[PDB]
Every structure is written in C-alpha cells, then in structure tokens.
Amino acid sequence: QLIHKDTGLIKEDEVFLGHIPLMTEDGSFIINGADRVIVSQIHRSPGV
Amino acid sequence: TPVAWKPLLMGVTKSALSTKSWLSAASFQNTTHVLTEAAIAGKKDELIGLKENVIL
Amino acid sequence: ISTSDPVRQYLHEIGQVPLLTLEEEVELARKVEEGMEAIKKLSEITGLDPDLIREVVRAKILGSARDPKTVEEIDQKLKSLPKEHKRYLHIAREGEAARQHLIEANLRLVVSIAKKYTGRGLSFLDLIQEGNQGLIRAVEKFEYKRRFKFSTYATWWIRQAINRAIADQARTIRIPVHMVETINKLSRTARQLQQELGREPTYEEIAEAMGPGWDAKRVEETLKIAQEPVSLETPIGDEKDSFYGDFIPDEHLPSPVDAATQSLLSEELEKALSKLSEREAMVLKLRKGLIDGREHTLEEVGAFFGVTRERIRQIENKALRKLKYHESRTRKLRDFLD
Amino acid sequence: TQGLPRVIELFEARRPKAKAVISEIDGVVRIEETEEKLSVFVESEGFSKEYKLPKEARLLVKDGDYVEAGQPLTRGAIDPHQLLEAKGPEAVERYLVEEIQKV
Amino acid sequence: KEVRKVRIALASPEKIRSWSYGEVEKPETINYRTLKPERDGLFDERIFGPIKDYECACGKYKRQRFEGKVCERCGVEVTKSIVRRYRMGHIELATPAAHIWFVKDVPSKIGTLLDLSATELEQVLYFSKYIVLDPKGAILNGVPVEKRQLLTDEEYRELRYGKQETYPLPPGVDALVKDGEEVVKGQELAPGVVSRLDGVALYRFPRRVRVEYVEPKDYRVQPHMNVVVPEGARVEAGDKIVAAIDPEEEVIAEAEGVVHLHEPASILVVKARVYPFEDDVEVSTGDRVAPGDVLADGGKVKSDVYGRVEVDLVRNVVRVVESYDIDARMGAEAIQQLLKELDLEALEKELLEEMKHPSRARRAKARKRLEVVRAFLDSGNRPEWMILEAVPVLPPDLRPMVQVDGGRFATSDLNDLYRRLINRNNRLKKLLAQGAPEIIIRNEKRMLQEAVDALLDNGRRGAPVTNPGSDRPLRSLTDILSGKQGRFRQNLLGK
Amino acid sequence: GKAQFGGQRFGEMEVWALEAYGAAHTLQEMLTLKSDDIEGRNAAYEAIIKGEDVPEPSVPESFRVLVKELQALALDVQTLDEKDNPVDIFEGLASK
Amino acid sequence: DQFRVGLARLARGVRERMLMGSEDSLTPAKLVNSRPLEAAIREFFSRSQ
DNA sequence: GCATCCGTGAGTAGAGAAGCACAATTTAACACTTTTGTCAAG
DNA sequence: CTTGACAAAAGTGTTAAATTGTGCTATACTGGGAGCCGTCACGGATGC
Ligand SMILES: [Zn+2]
C-alpha cells in the first residue's frame, strides 16, 4: 500500500516480486534444471 | 688495499632471492621486487643455472 | 583529504569552494556572457579568429601553472589597441575568470546528480568527470537574461553528459546510442510486462508491446546484441586455479596434423605435376597460384609465355585431363580431399 | 624446535624463540646465583664478560669449567647468527648440518 | 645467432614509441555487428596486424607475394596474422604517470633518489600536496619558500593567488567601513562580524543606493541587478546607476548627484594593494607583476609588490592581490622534472661524503641511496624513465577477444584495464582543451595515475579495480606474471 | 582435462625430476617440442609420420609471451648473444 | 539473508523513484522493481559456495 | 632499542536507468561497362 | 595454333535507405557508498 501522508489517500495493489525457488520433498532444489543442496553453515554465534 | 669482509649467513629464501640471475629469482618469489631492481640495474642474466634455461 | 579514497579526496576539494548566492551567480553569469560578447567585438576589429582570442585570453587567466610564444604575441597585439578597444579585452579577461569560478562553485551539483547513475558500467569518479564536462557546456550555453536558476538549466547538461558517457563507455564492445536506448527500452518493456504477466514474457509478447516494426526475430537479435563479453579470467571451482581461458581452444593457428597434411599434399602434387611437361606444369602452377599464391588470369599468364588467352585454356585443361588419368592409375590424391 | 618446523628455521637461519646463550669469548665461567636474579661471568686472563641469564635457565656448565668461544652456556637452540660472529663460518656450517640431521 | 644472455632494463618513452606500430587512440575493440576490429582501437589491424594471413582489412590484397606491402586503402600490412602476438601499440598520455613498481616496491626507487618518503611521494603523485620547483621569491609564514618544499592546497593557494575572505552581513544592516577601506585584523566590518584578515575591504553587492542630488534618494537593488557606478561617483542627470535585464527597471539619475552605496551583501577583504589610475591601463586582469612593474599610466603608476593584477572598471583602480608566481606542481609531472634535473654524478659524490660520517645509521642510509644511484650510472638507465609518458599496449592476441562455440565473446581483463586508461586519457585531453578549472584537471590526472596503476598492478595501491556486476579484481600485468597461477610457475617452469 | 582431450600437466616438480636425472633433451622436448614450440611441434609431427627423427627444438612461445608482457610493463627485455649483440627471437616479425 | 539483501536493494530503488516525483499517478507497482530481489535470490542459488 | 603497520608467503596432480531532432557516415541495392571464361571457327 | 563469338563474372559509379554520431532539452535541485576482519610468521622499513 502507498500512503500519502499529506493527502491521506491509500493505494493498495498486489505486486509481483519474482519467483522463490521451492524445496522438493526430499530436501533439495532444482536450479536451472539441476538438483542442488544448500549446505548448512557453521560460524561463531552472535553475542557478547 | 684488499677489501676486508666478514662472512654472512642467510636463509634459503633470502639466499635464493639475492642470486645474480634475475630470471630464476623472479620465478621464485617477490617478482615485482626482483624485476624492479633488475631493470634499474640493467642486470644481464648469463643463464648459468637450470631454472633460467628451463624458462627459455 | 583522503590519501587512499579518491572519492573522499575529491569531495574535500570541492568543499573548499563556497556555494554561490543568487546575487553571486547572476554576477558571474553576466560576466561570462559579456566576456563572450567582448571577445566577438575584439575579433571583428583585430581580424583574427574569435576562438584564437578566447584561447589567448583563457591562457592568461589559467596562468603559467597550466604555443607560449604566439599566445604572448597575441596578448601584446590586443594590448596595443586604443583605450576603447582595450576595455573589451578587460571584460574578456574578467569573463573568462568568472567562467572558471562559476564552474568551480557548482561542483557539488554534479556530485549530487552523478550519484544517481552508479552501477551502470562506470565508476563514481568517471560519472563525476563526465558530468563536469556537461557542467562546462552548461556554463557556455547558460543565459542569465531568462532569470532561471543555473541549477535548473545545468542539470539538463549534467544528466546528458553522464547518460551519453554510459552509452559510449560502459561496454567493452561499444554500442551506438540509438541501439543503447533500444536495449534500454526493450529492458524496460520486458520488466513492465513481467509485473503484469507474473512471468518472463516471450519474445512475441515483448515485440507486441514495443510497437510497429517489432517482431520476435528483432527482439531476439537485439537481445543477442546486448550480450556483454565474458571474462577469460572468470574462476571455475571453489579455488582460484581454473579459469574460462583454460578451456577455450585456439582455432586460428593450424594444428600439427593440419600443417602436416598440407605439406604431404604439396609433395604429392609436386610429384603429380612432374609427370607433366615443363611449360604444361608451370601453367597449372601459375594458373592455380602454386608459385606466387594468387590465381593468375589467362591474359597475365599469356603475357609470361607470349601466348593468347585461349592458348592457356588448351594447355591448362589438357594438363587437367592427364592428371585425372594419372590419378586413376596411381590413386595418390583421393584421400587428400575428404 | 621439533620436526619439520625445526628444519625450516634451521634452513631459514631464523633466530630461535627460546635461544640459548653462548660465550662470546673463551674463559672460565663463574656462577653467582641470588634470590633475585642470575648472572654468569666468563672470567678470562684479562677479560670479564657478563650474561644476565633468567632464573629458569637450564645451565649446562658449572663453576670452574673452561668454555670455548661459541660454546652454549645455557641449553636450547643456538642462534646461528650469533655463532657465526662468535666462532666462525666453519662452526655454524658444522652446527647447521648436525642440527638438521638430528631431526 | 645463439641466445646466451637475457638483459632487463627500463624502457624510455622513445624506446616504447619505437616498439609500437601505432598509437591506440580509441577505447573501442570491435564493431558490435560486423565483429571486425575498429580503427585506432585496441584490436586495430592497421596497428597490430591482419586477422588472417596475407589479407588486409578491406580485402584488396589476398596473396602472399604482397608480403611487406601496406595497403593504400585499409592501411594494413599484408603479412602473417601471427604478428598480432608480437606487434605492440602505445598510448600517448596527456600527462606523465609514475610506474607503480618504482613507487610502491619498498623501498621506493623514486623516493630513494629524490630523498622523499613513501608518504611524501604518495601525496605528490596522487595530488594531495604541491612540491616546489621554483620558489620565485615566495615567502610563507615569514620564511622564504625553498625548492622541493611540500605545500598543502591551502598554502599553495595563498602563495599562488593571494589571501582573501568574504564576510556575510546580517540581512538589513549597513557596513561601517566604505568601499576601498584599508581594514586591519579584528576591525569590525559590520556590527555582527569582524575582519579575520587585514587588507582592503570592498562592497560586493550594494543592496541600497543613496544618491544625493545637487536631496537623497534611496533605491533598492534586486539580486538580478548590478550597480555600474562606484561609491562617490559624480553622476550627471540621466546617467545609468544600476543596471538591469529590462530597461524599465534601470535606475537612471533624475538629476546630477553623488552615489553613496549602502547595505552590502558581503564585504570582501583581500590582502591587496590598490593603485588608482586616470588614463588607460598597461596591464589586464590575470597578469602577474613584480615590484617596479608599470601598471596603468605608461610609467607613472607602477607596482611595488609581487602579486596578480585585477583591473576594476567601475572603481577605476588596479588592485594587486599580493601573491607569488611560485612554480609548484603535483603528480608524476612534478616528480619527472625532479628526476630529470637530478645529477647522478653529483649525488654520488655527496653520498660518498656521508659514508664517512661516524653514525652507523647515516652510513647505512647513504648506502641504500648510493646502491640505487650506482645502479642507474652503471646500467646507463635514465632515472626519469621510471615515469611513463607513452604506455605500451600488449599485442591483441595475448589479450584476445574470441567468440566461443556458443557464440558469446570472451575477453581478457587487460582490455577493460586498457579501456579505462584510454577513456580517462582522452577525457583529460578534452578537459585541457576546454580550459577546465584546476580542480577538475587535478581529479582527472589523479584518475589517470590510478588507471595506470590498475593496468600495471591492480590492488597494489588503493581498492582493486573490478568489472561491474562482480567483486572479482581485474587481472593486471603484474598478476599475470606473479604467483602460482602466474606465467612463470604455470607456463614456464612447468607446462 | 580428459573432457577437453588435454595433455598431462608437467609441473615444476616433474621438471625437477628430469633435471636430477640429467635428462636434458627429454626435459627440452617437454618444454618446447611437446608443449608450445609451434614450429617445433608441427615439425615434430611431420617428421614422425615420415619416419624421420624430430628436429632441433626452438624457443617456446610462452617465453615470447613473457617477453611481450614484460614490455607491456615498460621493461626492456632483450636476448643477447656471446658478443652482447641483440638477438631477435620474433623472426623479424615485431621489428619496425 | 539473501532475500533481505535483495529487498534492501529493491527498497533503495523505491526511494529514488519516490525522489523522481510524479506522485499524482504513482502506484506501488510502478515504484517497485523486483529485479534487484530476483538477482540476489538467483545469485544465492546459483553462484554461492 | 623497540613497537607497529605493511607486504610477502604458505605441496602436487585431476576434475570439475530518456527522448528526439537532424546531420553525417555507411550499407546495399541498383545500374553500368570490363574482364574473363569459353565454344565454336579456321 | 589465333579469332572470333558469346554469357556470365567481376568491377564500378550512383543513389537510396539504413545506420551512426551529435546536439539539446530553462521551476529548482549543490560533499558517496559499502563495509563493518576467526591465521600465521616472516622480513624490512619507519618512525618514536
Ligand atoms: Zn587493404
């Protein structure tokens, strides 16, 4: 929604943001027709 | 009067980088440093060792 | 002020010139126009090139920090004029100096404009310098008589210079502006169709939205043209040890096999031509170019042996027939053509 | 100090982290241990050299022993450059070959 | 004969031009449609050679016996296409650029010769500080300027152009001082502001004009208006006082009177000497004069101080802003002149004297300089060759642009590095031709130096140059030769 | 790579092995005749298919690339003879 | 994380289109260009280690 | 003497986001003789 | 062996459309952007 703070008018529409790759049942992706796995990454946890 | 000198000891890396032939020194490490000093001095590699002749 | 960051260094330098007030802007703009008119008045009287005086006047304003003999000679020639004429030289000097200060005080305008064109193939400093070229042209074409602010007119020239430079310098293989804007329009049209369709538009759908004179064939050809070249140093794999150039074979230099079969063909042809006569073999060698490398026309061949054009055709064709007979009996040249 | 790193620092003529202390001249060592610090004096005919060894220094020489120039007063890896200036080219070459062989 | 020795030495600008078969003037590589090399580009056949053996670009010649012939139409030599692996081009730089190897390879060879530190060399080469070549009798802070002295931008502007500052006034007030009043430090120009420098104070834009006719009349001056007469001028009835775009707004005098300017927009205090004149002027705005130089009255009026002349056509006076014609320059061009004027034989003698100094550190430092000095003397190399005037261009076959079997083109990073240099060098030539201000020229020259550095050694100084759409640094000439993936260890020591 | 029908990599350590063996001519073939001596590799193949022994090898093309790339760095690299006279390894193809 | 990066790039392009003006007939579809978000997502699933 | 930032180096294979106006230059479609190429005459 | 004869094949001079290069838009707009640091020891210089 686009809001005009001065006028006070709201314009609402659904915009197409693209395509989200979908994970298959077994837990992989098909990227450009090729099966791919996103490997989990380990790193230092945030904090103090 | 003869030149008075004292012996020096350097590691293999420093000894290899101070060789007369600039081709073998440049092909080892510090290529920018080796070529910079060789070009200014106008060094002439006499192709004594093996690496120089391999390159050519 | 930054030894490392050039952008920060440039911003510091342009920050040392204060922004012009409206009164200061009008005064400088008036001087540039009066100086330009004064140079025109000087040239009509002194008789030399109007642009020649501008270079000489600008050289004095720029100073020794920026041919030297002819500039000084023209400078003395201008000063030899009477009092009324030397007045025009005075406005010319002040007009050129006002132009220098007017450009310097608007270097903040170009940076604000240029930062909106980043990520289009040119670095930020490249955008600023191109915008500076547009700013310089804006000063020359600006008219203060119209009472408009300088930034209103200058923004048009700063945007144009940056836009032109992107269309001319952002691609390794340069594409003309008329085709760059075609590519930009096609990309915009495809983007707008995607949001309406919820998917990648087809070439027919893009062509229909472009308008008359556009079909799917033209859209595909334009998109093929817009393809940027790929780097030979693009890494392959997780380690920077394999690159695209390592997998591209050279197809220009003949291979050792190709070079060898060329030599074998030459030695077989030279033995096949040995069975011919002396002049008869030389005719084929000169006709086909086996000596010089170019086909020699019948008239050129005829001049060498002192014969008419149709004479060669008799000996050239009869030599051809006998080589066919020899080949059928020996079978030594068939495999060299497949 | 052990294995491949020991070989590398010998071939690179690198100064050891826990370098030993060698006598610069020959003479007779004279130990003076106190509750505060340690100081070893190599007394000669007319020379009195000084070395301020730390408290936790494993000395390999006792009082009265005659030491040569370049001999290690304390245990540990000898700095090859110090040995060169103390005893000469032949000593350091002999030292380098033996130490590399030990590994 | 048999190859027995390989010699490496610096290449002079003359030697680089002797290598090149032509100057690469355009950043173009190939036509996008015909896929043929563009003229004067990085792949031009007239410079580097024909694409295919014994065939010119236009196609007039297609025979081997034309070997050694240059086509009159296309200008391409009829020879083997393999010359495109060997024939080099060159780029004629608008301004000299330093070779980054002789700048950043610690210790700097240029800095060692010139007795400049790494920081000092960086400031001069990349246009942060000026280095003095000829003081021309300049004095800074009471100390005369010396050769090789480093000047900041502010210090250079004070010496080159003078010292001045404008003091804005609060809206609606009047200045206490009058036009052309010799104010001093701390003297109040207006109730709310004081002059931070001593000099001559002059009104910039008088908002109100008071004419006392021979009865005062207060007018208003619009921001688009300009007063044509000075303060105290004798204006005859009807003469123009304040100019305007439209003649209706023109403020002409009703009768004869004296103009009194009031309500200045700001006061400009400039450290200048004013010489009133009555006759014509022998100089003009921008001229530089020394003490004793005649200014306007054919000898009667002469300058008594160093400065730059600005003639005033309304105040009828000549103001000489106290400044010096100091020759201080930035960039590699300043560094090149220092190495050109450096006498190696004299420097060697001076360094030998410093070798006798009892300090070990000074002897060690002098030995480092003498080793570089003796290297130039023994080899015959000329120290200013470390600054490039002509940039060699690698043969196109060693930086190929090839069409892959798929149809897309593949090219080396050097072409992008070369195009950036050509674009910046060509733009500097146009900026210089247009008489652009020094700030624009300085930025372009600094960009030119960085473009040269990226071509030779990308990432050595500053942020590495990357192609748009990726963070991958472009592979420079240094990167091609050095490292495990470099030419030595990947293609020469093993194959 | 097998997919590109490529040759085997004869790296520095393999070069070291031939040097330690004293196999100078075996080393020189791999450096020139079998890798990048364009004239040599063409003449080697032609000689072998004729039943002849391969000719004397010539300068590798990678050294020519090295010299040209060094010139691109504004470095004057020249091959000299016994008498210090310049020797052209480019067959007169790069001399104006 | 890569979705957020692309969305931040998309948000930046929305601001500049808001700076351009033409607010009389500005719609959210016109302000939003999804390509920066699609490119970041495509880059993650194709060229990420 | 010492402390610090910079620059150097760290195994080998293989296998993988502007638009328009107008001028200026180039391309391509024409016509044209011009020149081969040739097929019959002695 | 010449010498005519042909129909191309090739060269060539115009002319047109297609392509390419250049200039110009007048409310006012005047200092950026992305990073953002888990390795190690080694010289070598460069100044406190
Ligand atoms: Zn031609």
Side-chain angles (χ1 to χ4, degrees), chain A residues 43-44, chain B residues 11 13-14 17 29-30 32-33, chain C residues 5 7-8 10-17 19-20 105-120 124-125 127-128 135 137-138 141-143 146-160 162-164 166-168 175-179 181 184-185 187-188 191 236-239 242 247 297-299 307-314 317, chain D residues 5 8-9 12 14 17, chain E residues 33-34 104-108 117-119 368 460 463 483-484 494, chain F residues 1-4 6 8-14, chain G residues 12-13 16-17 19-20 33:
Chain A
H43 69 95
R44 298 190 49 181
Chain B
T13 292
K14 181 183 184 64
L17 288 173
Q29 297 175 175
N30 296 294
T32 293
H33 178 90
Chain C
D5 186 1
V7 160
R8 190 186 292 292
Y10 184 68
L11 293 188
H12 175 252
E13 297 157 0
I14 78 179
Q16 306 310 333
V17 186
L19 283 168
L20 288 177
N106 295 270
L107 296 187
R108 299 174 164 118
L109 181 55
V110 65
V111 176
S112 78
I113 296 174
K115 68 177 178 182
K116 293 179 179 179
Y117 290 76
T118 67
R120 302 180 55 182
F124 187 41
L125 286 174
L127 300 180
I128 297 185
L135 160 60
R137 186 91 198 101
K141 293 194 57 60
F142 181 72
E143 293 179 353
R146 306 195 187 183
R147 273 199 172 67
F148 297 116
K149 298 298 293 295
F150 179 74
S151 82
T152 302
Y153 187 61
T155 291
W156 273 111
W157 280 110
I158 301 172
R159 278 169 178 172
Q160 180 265 349
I162 302 165
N163 204 65
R164 194 71 79 182
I166 296 175
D168 279 312
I175 293 183
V177 179
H178 80 79
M179 184 60 79
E181 65 183 1
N184 292 353
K185 188 178 181 186
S187 298
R188 182 184 51 178
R191 177 167 61 242
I236 294 169
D238 278 3
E239 294 74 6
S242 179
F247 304 82
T297 181
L298 301 179
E299 200 158 0
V307 293
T308 61
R309 290 192 298 121
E310 191 276 331
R311 187 42 201 177
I312 297 90
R313 179 173 179 295
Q314 287 153 357
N317 197 296
Chain D
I8 291 172
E9 66 182 1
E12 285 295 2
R14 286 171 185 168
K17 279 60 175 179
Chain E
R33 185 179 67 189
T34 72
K104 291 302 177 183
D105 179 56
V106 180
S108 179
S117 72
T119 297
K368 310 298 177 54
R460 188 53 183 86
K484 177 159 46 183
Chain F
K2 171 173 175 177
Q4 293 82 18
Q8 296 303 314
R9 163 78 185 180
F10 211 69
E12 305 175 58
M13 324 194 58
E14 290 81 29
Chain G
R12 157 179 291 267
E16 66 183 1
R17 290 192 267 296
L19 292 170
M20 277 296 321
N33 176 4

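The chains referred to below are lettered A, B, ... by the order of the sequence lines, with proteins before strands, and numbering in each begins at 1. Scope of the values below: all heavy atoms of this structure, side chains included, with no hydrogens, waters or symmetry mates.
- Distance check: E/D105 CG to B/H33 NE2 gives 5.5 Å after rounding to the nearest 0.5 Å.
- Between C/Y153 and C/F142, the ring planes lie tilted relative to each other; the angle falls in the 30° to 60° range.
- For C/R311, counting side-chain heavy atoms from C-beta on, the closest listed nucleotide (I/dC24, I/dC1, H/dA18) is I/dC1.
- Here the side chain of D/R14 is nearest to one of I/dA5, I/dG33, I/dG43, namely I/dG43.
- Side-chain proximity of C/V111 to I/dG32, I/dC29, H/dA18: nearest is I/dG32.
- No side-chain donor-acceptor contact under 3.5 Å links B/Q29 and B/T13.
- Not both conditions hold for I/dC29 and I/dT30, whose six-membered rings lack centres under 5.5 angstrom apart with planes under 30 degrees, so their bases do not stack.
- Looking at the side chain of C/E310, the nearest of the listed nucleotides H/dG37, I/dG31, H/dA40 is H/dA40.
- When distances run from any side-chain atom of C/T297 to the nucleotides H/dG37, H/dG11, H/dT38, the shortest one goes to H/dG37.
- Between I/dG32 and its strand neighbour I/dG33 the base rings stack, satisfying centres under 5.5 Å and planes under 30°.
- If you check I/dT30, H/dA17, I/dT22 against the side chain of C/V177, the one that comes closest is I/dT22.
- At a threshold of 4.0 angstrom between heavy atoms, the contacts of F/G11 are confined to the sugar-phosphate backbone, with no base atom among them.
- Ranking H/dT8, H/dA15, I/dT27 by closeness to the F/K2 side chain, first place goes to H/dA15.
- Taking 3.5 Å as the limit, the base of I/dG23 and the side chain of C/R137 contain no donor-acceptor pair of atoms between them.
- For C/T308, taking side-chain heavy atoms from C-beta onward, the closest of the listed nucleotides I/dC29, I/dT3, H/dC39 is I/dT3.
- Ranked by how close their nearest DNA chain H nucleotide is to the 5' end, C/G119 and E/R33 are led by C/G119.
- Residue side chain C/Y153 meets the stacking definition with respect to I/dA26: its ring centre sits within less than 5.5 angstrom of the base's six-membered ring centre, and the planes differ by less than 30 degrees.
- Nucleic acid contact class of C/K185 (heavy atoms, under 4.0 Å, all strands): none.
- For H/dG16, the sign convention on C1'-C2'-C3'-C4' gives a north pucker, since the angle is positive.
- With DNA chain H read from its 5' end, the first of the two nearest nucleotides for C/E181 and C/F247 is the one closest to C/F247.
- Closest to the side chain of C/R108, from the set I/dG31, I/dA45, H/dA17, is I/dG31.
- Which of I/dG32, I/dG21, H/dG14 sits closest to the side chain of C/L11 comes down to I/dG32.
- Across all strands shown, C/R159 has no heavy atoms under 4.0 Å from either base or sugar-phosphate atoms.
- Counting distance only, with no hydrogens placed and no angle test, the side-chain atoms of F/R9 and the base atoms of H/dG14 include no donor-acceptor pair under 3.5 Å.
- Side-chain N/O atoms of C/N106 and base N/O atoms of I/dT30 include a donor-acceptor pair closer than 3.5 Å.
- Comparing the same atom, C1', in I/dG21 and in H/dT25 gives a spacing of 8 Å after rounding to whole Å.
- The six-membered rings of I/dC42 and I/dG43 are stacked by the 5.5 Å centre and 30° plane criterion.
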